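# So I pulled this structure from the PDB, and the sequence comes with it:
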Protein chains: 2
Amino acid sequence: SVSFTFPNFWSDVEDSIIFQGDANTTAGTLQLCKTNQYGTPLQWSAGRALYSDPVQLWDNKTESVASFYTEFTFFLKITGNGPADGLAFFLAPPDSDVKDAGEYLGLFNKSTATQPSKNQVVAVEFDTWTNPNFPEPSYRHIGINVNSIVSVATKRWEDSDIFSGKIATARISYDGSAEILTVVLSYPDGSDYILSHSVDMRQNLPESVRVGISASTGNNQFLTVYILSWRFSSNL
Amino acid sequence: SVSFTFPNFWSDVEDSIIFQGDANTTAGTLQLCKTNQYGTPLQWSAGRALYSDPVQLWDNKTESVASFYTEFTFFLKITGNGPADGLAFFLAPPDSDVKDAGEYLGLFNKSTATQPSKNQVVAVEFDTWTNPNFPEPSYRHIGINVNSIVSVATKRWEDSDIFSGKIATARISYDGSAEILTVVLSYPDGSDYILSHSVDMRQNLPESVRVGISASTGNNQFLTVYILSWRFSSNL
Ligand SMILES: *[C@@H]1O[C@H](CO)[C@@H](O)[C@H](O)[C@H]1NC(C)=O
Ligand SMILES: *[C@@H]1O[C@H](CO)[C@@H](O)[C@H](O)[C@H]1NC(C)=O
Ligand SMILES: *[C@@H]1O[C@H](CO)[C@@H](O)[C@H](O)[C@H]1NC(C)=O
Ligand SMILES: *[C@@H]1O[C@H](CO)[C@@H](O)[C@H](O)[C@H]1NC(C)=O
């Protein structure tokens, strides 16, 4: 029963948005991590923007899982060749706070990343990191995660797009009936990515959630992520 | 390996588009069925617009099913209260021609509508008809069809939106890996519809297809459907 539209971020914004970590607005943009005055991205930073109004994912009683659609556009301002880590759209309990930086995208802690029982987060990640010592695919990719840093579904994200210097459009939908989460990543280039997989929102998250977007940086300082717009709609 | 963008239909259009049945352009719009000079919709009409370039759905040899995304906006110009039948996005062999009008949306013939073996068409229908003598749901709805007029997945389409008098956005994606077809129907009102289900493009259609949109009318003359824009992207 929640829907919102942010054509950009020049409005006040802090009514409807909750900023965690480095998260802040920057020129009608949503900037998740912080940068120098010389515009260089700070190391090991995490940031998340959450919509201030909770969403009914499921209802114990009247029993069924909500369906929702979300859309947002972003830009990967990349300088060097070690872009990391990226961003993610996610759902979490209303009181969730930012987590670890690095490949955790401020969604997971270093120690319990793989233990589903100790987590409250379902997300769609857009990863540009390439750390082999981390649970794979091991290459830059788009993935769906359910209370774990090891994705149930992954789709490779070609560098030609990642470093395109173009605005990408992310479309995430969830059919709370067929319980299928779909992710479509579009580039004006025409190139698109479609990723779909089963997710049980009832078994992994509480009845009420907060929807948000987060980013994090690691060692390198070659990446800055900007969210230019974000729309959302849910129905239970 | 095919992608196109029609922000509207004021360009020449007939290079890239193939008009079948009543299909024709009308004021930067795609008008599938014909109307009076008094603008009244003609009875029992069918029309389909097909993209002139074939799409590789699957490849026998190098074996895998393509993934694709499609988007289009439309308007339901409804006068009376018997809007019928609606429109559909679909895939068919390159040489497919328009079929029966009525609840067949120019995609099926009256006699073999339910016999999957005698059909070559996978589609997403947006039905406004309410004929109880027809294979149900029996109420106005959005549905996914695979070589049959009886949908594998259906989602109810509330009248408040159907008769909204607003522009609707249809988003259809297919993950040729997880083999999941998703449909998101959006209204500026915020109201959205998410429908996902399994579809085997390899078993129901030939290697090469034509993507298109079609509409049809029955007895009533209370409906005219317009497609304002249509973008598409496929990758095998
Ligand atoms: C956002 O950044 C500005 C500087 O551009 C600062 O003045 C403000 O306090 C910050 N607000 C939040 C919520 O981080
Ligand atoms: C998780 O990481 C955050 C941020 O570093 C920290 O404040 C919190 O205490 C950590 N929680 C656990 C269980 O490690
Ligand atoms: C389309 O309709 C116009 C009238 O508006 C007509 O002149 C033209 O021949 C038609 N073309 C096709 C392909 O139907
Ligand atoms: C299907 O319907 C079309 C349009 O009415 C017709 O031309 C065609 O011959 C029909 N085919 C069959 C097998 O009935």
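Arrived safely. Numbering: from 1, shown residues only, chains lettered A, B, ... in the order given. Ligands and ions are numbered 1, 2, ... in the order given.
# list the contacts for residue A:231?
Taking C-beta atoms under 8 Å, 6 or more residues apart in numbering or on different chains, we find residue A:231 in contact with A:3, A:4, A:5, A:6, A:70, A:71, A:72. (C-beta placed from N, C-alpha, C; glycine too.)
# which of those lies closest to ligand 4?
Proximity to ligand 4 was ranked across the contacts of residue A:231 by C-beta to the nearest ligand atom; first place goes to residue A:71, at 39.0 Å.
# Just give the nearest non-adjacent residue to the closest one, would you?
For residue A:71, the nearest residue in space outside its immediate sequence neighbours is residue A:231; the separation is 4.8 Å by C-beta to C-beta, 6 or more residues apart in numbering or on different chains.
# From ligand 2, how far out is that neighbour?
The gap separating residue A:231 from ligand 2 is 29 Å, by C-beta to the nearest ligand atom, to the nearest Å.
# Does that residue lie in a helix or a strand, and which?
If you go by DSSP states H and E, residue A:231 is part of strand A:223-235.
# Each with direction, which strands does that strand pair with?
strand A:3-6 (antiparallel), strand A:29-31 (antiparallel), strand A:67-78 (antiparallel) (DSSP bridges).
# Please work out which of these is packed deepest.
strand A:29-31 (a mean of 23; mean count of other C-beta atoms under 10 Å in any protein chain shown).
# So what's the residue count around the residue in chain A positioned nearest to ligand 2?
Using C-beta to the nearest ligand atom, the closest approach of chain A to ligand 2 is made by residue A:109 at 3.6 Å. Here the number of neighbours of residue A:109 (other C-beta atoms under 10 Å in any protein chain shown) works out to 13.
# just residue A:179 next, same as before
Number of residues near residue A:179 (other C-beta under 10 Å) recorded here: 17.
# before we move on, what about residue A:117?
Per other C-beta under 10 Å, the neighbour tally for residue A:117 reads 7.
# Tell me the backbone dihedrals of it, please.
When read as degrees, to the nearest 10, the backbone of residue A:117 gives phi -60, psi -30.
# Name the nearest residue to it, sequence neighbours excluded.
Residue A:117's closest residue in space is residue A:147 (C-beta to C-beta, 6+ apart), at 7.8 Å.
# can you check residue A:13 too?
Setting aside the residues directly before and after it, residue A:13 is nearest to residue A:25 in space (C-beta to C-beta, 6+ apart), at 5.9 Å.
# And for residue A:17?
In space, and not counting its chain neighbours, residue A:17 is closest to residue A:49: 5.5 Å by C-beta to C-beta, 6+ apart.
# so which strand or helix has that neighbour?
According to DSSP H and E, residue A:49 maps onto strand A:46-51.
# could you measure residue A:190 against residue B:66, distance?
14 Å (C-beta to C-beta, to the nearest Å).
# Apologies, that question was intended for residue A:105.
Taking C-beta to C-beta as the measure, residue A:105 falls 30 Å from residue B:66.
# Look at these two and report which has more neighbours.
Taking other C-beta under 10 Å, residue A:105 and residue B:66 do not tie; residue A:105 has more neighbours (31 against 23).
# can I assume the more buried one is in contact with residue A:217?
No: using C-beta atoms under 8 Å, residue A:105 is not in contact with residue A:217; the gap is 10.1 Å.
# hey, what's in contact with both of those two?
A:46, A:85.
# ok, how many other residues are close to residue A:100?
Look at residue A:100: counted by other C-beta under 10 Å, it has 17 neighbours.
# again, but for residue A:95
A count of neighbours around residue A:95, defined by other C-beta under 10 Å, yields 10.
# same question, residue A:233
Close neighbours of residue A:233, defined as other C-beta under 10 Å, add up to 24.
# residue contacts, residue A:201?
The neighbourhood of residue A:201, defined by C-beta under 8 Å, 6+ apart, consists of A:57, A:58, A:65, A:66, A:91, A:122, A:174, A:176, A:179.
# Please tell me how far it sits from residue A:66.
In this structure, residue A:201 and residue A:66 are 7 Å apart, going by C-beta to C-beta.
# List the buried residues of stretch A:16-29.
Neighbour-count burial for stretch A:16-29, with 16 or more other C-beta atoms under 10 Å in any protein chain shown as criterion, is recorded at A:17, A:19, A:20, A:21, A:22, A:23, A:24, A:25, A:29.
# Span of that stretch from start to end?
Looking at stretch A:16-29, the gap from its leading to its trailing residue is 15 Å under the measure C-alpha to C-alpha, to the nearest Å.
# residues in contact with the residue nearest the centre of chain A?
Among the residues of chain A, the smallest C-alpha distance to the mean C-alpha position (C-alpha atoms, centre = their mean) belongs to residue A:88, namely 1.5 Å. When the contact criterion is C-beta under 8 Å, 6+ apart, the partners of residue A:88 are A:105, A:107, A:123, A:124, A:125, A:126, A:145, A:213, A:214, A:215.
# and the fourth one, what are its bridge partners?
Just to be clear, that refers to residue A:124. Per DSSP bridges, residues listed as beta-bridge partners of residue A:124: residue A:89, residue A:144.
# Test my guess that it contacts residue A:181.
Yes: applying C-beta under 8 Å, one finds residue A:124 in contact with residue A:181, separated by 7.3 Å.
# Could you pull out the residues contacting both of those two?
Both residue A:124 and residue A:181 are in contact with A:144, A:172, where contact means C-beta under 8 Å, 6+ apart.
# right, and residue A:29 touches residue A:8 too?
Yes: with contact defined as C-beta under 8 Å, residue A:29 counts as touching residue A:8 (7.4 Å).
# Find residues that contact each of the two.
Both residue A:29 and residue A:8 are contacted by residue A:228, under the criterion C-beta under 8 Å, 6+ apart.
# that older thread, so the strand holding residue A:231 versus strand A:46-51, what angle?
Compare the direction of strand A:223-235 with that of strand A:46-51 by axes from the mean of the first three to the mean of the last three C-alpha atoms, to 10 degrees and you get 20 degrees.
# In strand A:223-235, which residues are buried?
The neighbour-count criterion (16+ other C-beta under 10 Å) identifies A:223-235 as the buried residues of strand A:223-235.
# Check stretch A:153-163 too.
With the criterion 16+ other C-beta under 10 Å, stretch A:153-163 contains buried residues A:153, A:154, A:155, A:157, A:161, A:162.
# How about the secondary structure of the second one?
The assignment at residue A:154 comes out as strand when based on DSSP: H, G, I helix; E, B strand; the rest coil.
# Give me the nearest residue to it, chain neighbours excluded.
residue A:143 (4.4 Å).
# try the third one
For residue A:155, the nearest residue in space outside its immediate sequence neighbours is residue A:195; the separation is 4.3 Å by C-beta to C-beta, 6+ apart.
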